[PDB]
Structure formats: C-alpha cells, structure tokens
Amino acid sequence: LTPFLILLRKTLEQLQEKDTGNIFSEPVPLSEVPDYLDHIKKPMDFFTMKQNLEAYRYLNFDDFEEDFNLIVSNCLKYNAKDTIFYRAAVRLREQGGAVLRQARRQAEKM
C-alpha cells in the first residue's frame, strides 16, 4: 500500500457516493447505445477507474481527476440537456468538485 493510493481509494469512494443513481458505476452499455463510440473517444466510468487504480495506472492526482472529469464530460457530450443523464452529470460535476478539491489538497502536501 502507499499513502497516495489509499487516498485515491478513499476519494473514489467519495465520488461514487455522489452518484446516487449508480448510473456511472459501469461502462455505458454499448449494446443499448450502439452509436456511443461514434461520438465518445474514450469512455469512462467508476468501475474502470477502480480497475485503473488497482492496476497502478494512477501515480499522480491529475491522471485520476481527469478520468473523473471524463465521466462527466462524456455524459454531457452524448446526452441532450433535457435528460436524466445530463442533469445527473451536472450534479456529479458540482458535488464531485468539492471532493476533488479537498482530496487534491491532501496529495500535494504528501
């Protein structure tokens, strides 16, 4: 274990708690959304983030936070504004920003 990776684990749990519908917990289902990859270059979701974390693919906070931001921005891009998904991504961006601000202040003074 390392202190940084433990912090990322805690931070990832805190971000997922904000996704009360669990709609970002797993990859957007390509079987239901067959054109998703037409529009979205790099899909992201909380399970893939956890897999990245446990595989040591986040050694710095920026790479981790950019993947969180990708969950949000992919959703805003794909979905019309008047959808449950778009509205949920906006709320996740707002509620997650505070989580990431406090967590980044911990990794920097590490």
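Numbering starts at 1 and runs along the sequence shown.
- When the two stretches 78 to 86 and 65 to 73 are set side by side, the higher mean Cα temperature factor goes to 78 to 86.
- A summary of the deposited B-factors shows that, of 101 to 109 and 1 to 9, the stretch with the larger mean C-alpha value is 101 to 109.
- In the PDB entry, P43 places in the lowest third of its chain by CA B-factor.
- When the CA B factors of the chain's modelled residues are split into thirds, the value for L59 lands in the highest one.
- The PDB entry assigns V28 a C-alpha temperature factor belonging to the middle third of its chain's modelled residues.
- When the modelled residues of the chain are ordered by their C-alpha B factor, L37 lands in the highest third.
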